[PDB]
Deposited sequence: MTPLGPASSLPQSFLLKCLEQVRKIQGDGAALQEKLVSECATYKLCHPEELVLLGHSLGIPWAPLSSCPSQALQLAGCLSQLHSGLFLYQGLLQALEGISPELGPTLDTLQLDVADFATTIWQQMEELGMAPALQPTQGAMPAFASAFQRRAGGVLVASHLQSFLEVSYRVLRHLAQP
């Protein structure tokens, strides 16, 4: 009929294993994204971020919710629009042509599973997007010099937001 399924902080160790998987895959994408970033453009300190911010347009900050306690739908709007901007930009770099390594597909694959879980949260309540362009158009820098620089710059900002996301992910067991 129904095996014994007690309810006492049982679901947790599995979440720890998944976290470890995201840690190893994030580290591999970090060293591979930095080595590929310099071997491709240069990946120097602050310098091109200016032309990347004007041509790339300002994007979401480092974190989503301030103190993680203010409107759940709002946090889902910034996390869905932010993750949608990172997935669209990643789709642009992969859409360019110079593959230079199939690894970008497996890293984007992990980001695909993430966007999927956010689309599940959307299933519960995710019909309030915060982006109203002309009518379908965004994932495509146009492919060129400023566009390639926009791609590598978004890559660095992607690893930064990824580290801060892992941080807040570990800090989610207060209760």
- Relative to the deposited sequence numbered from 1, which residue ranges are unmodelled? 37-39
